Amino acid sequence: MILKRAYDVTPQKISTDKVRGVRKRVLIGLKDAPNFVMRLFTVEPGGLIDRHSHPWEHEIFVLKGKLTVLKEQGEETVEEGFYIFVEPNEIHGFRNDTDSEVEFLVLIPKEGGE
Amino acid sequence: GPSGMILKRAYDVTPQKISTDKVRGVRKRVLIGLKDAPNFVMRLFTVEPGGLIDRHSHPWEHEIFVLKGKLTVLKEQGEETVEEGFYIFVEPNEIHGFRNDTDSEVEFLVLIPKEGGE
Ligand SMILES: [Fe+3]
Ligand SMILES: [Fe+3]
């Protein structure tokens with residue numbers, strides 16, 4: 001059994017053509033998990049995960065702040081205490097328009113989970 | 001399967017009592033359930049003050065994230081308390097349980113492969 005403070009997992013900064021101002025923690029990876037993985041994303045003020053899609057779903061829980069969710073068209077803001085279910089293949093992305101860090105949990109099946 | 005995205009306040013789901021021979025003082029909200037999940041389900045558990053999920057095991061894993069309060073985790077040997085911001089991975093077949101020794105509600109997300117139900 002693994003019991004750990006998520007913050008203590010070292011985050012990985014991401015800065016690419018599609019993702020900026022984001023870091024990622026792998027909490028439960030496929031080293032441990034047989035079916036699905038658990039990650040925690042932190043999005044700095046102005047950070048962006050641009051629209052994309054996958055062959056797999058996302059299950060998300062918003063832990064902190066106000067998260068802007070990019071949809072195929074348009075966008076919707078949600079806050080801490082929301083969950084999000086992204087069907088396979090659905091276009092999605094994220095932005096933080098606020099002045100503080102936004103955090104959300106993201107779980108994906110193992111095929112996405114490397 | 002279907003397209004789209006569901007975005008919902010978790011508290012818009014009513015917390016239902018869990019009532020079994022091994023659980024007392026616990027409620028659950030099904031967030032992403034069997035009707036929708038391709039692979040795994042997401043529930044939000046609320047442990048009332050003094051609530052208890054006795055030690056048990058099952059042939060599927062748990063992935064847990066603690067949202068609120070101080071959660072006592074029962075292990076095969078002994079126990080450990082964690083708090084908001086901790087995650088827990090429980091291997092298939094590993095003995096585990098939970099207790100709330102505090103005065104206030106403890107909440108945690110619990111995800112399992114959908115073969116284990118909701
Ligand atoms: Fe994605
Ligand atoms: Fe269990």
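Every chain is numbered from 1, with letters handed out A, B, ... down the list of sequences.
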Identify which one of A:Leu48, A:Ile60, A:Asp50 satisfies the side-chain contact (heavy atoms from CB on, under 4.5 Å) criterion when paired with A:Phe94. A:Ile60
Taking atom types as modelled, is there a side-chain donor on B:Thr72 or B:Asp101 under 3.5 Å from an acceptor on the other?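 Note: B:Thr72 and B:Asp101 side chains meet the donor-acceptor criterion.
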Carefully, step by step, assess B:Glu105 and B:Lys68 under the rule salt bridge (charged side-chain N to carboxylate O under 4.0 Å, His left out). CA-CA 8 Å; B:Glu105 291 184 342; B:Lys68 180 175 173 179; 5.0 Å; no
Under 4.5 Å from any heavy atom of chain A - which part of [X]:
{"X": "B:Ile112", "result": "backbone"}
{"X": "B:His62", "result": "neither"}
{"X": "B:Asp36", "result": "both"}
{"X": "B:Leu109", "result": "side chain"}
{"X": "B:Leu67", "result": "side chain"}

For the pair B:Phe108 and B:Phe45, name the ring-plane relationship: parallel under 30°, tilted 30 to 60°, perpendicular over 60°.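 Parallel.
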If we define contacts as heavy-atom pairs under 4.5 Å, which of A:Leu27, A:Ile91, A:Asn89 has the most with chain B?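 Answer, by heavy-atom pair count under 4.5 Å with chain B: A:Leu27.
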More than 12 non-hydrogen atoms from neighbouring residues, nucleotides or ligands closer than 6.0 Å to CD on A:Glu72, yes or no?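 Not buried by this count: 12 neighbours or fewer within 6.0 Å.
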Counting heavy-atom pairs closer than 4.5 Å to chain A, which one of B:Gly1, B:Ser3, B:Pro113, B:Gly4 comes out on top?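 Option with the top pair count is B:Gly4.
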So which residue, B:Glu94, B:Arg9, B:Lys8, ends up with the most heavy-atom pairs under 4.5 Å with chain A?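 With the most close heavy-atom pairs to chain A, the winner is B:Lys8.
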B:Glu107/B:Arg29 salt bridge by N-O under 4.0 Å criterion: yes
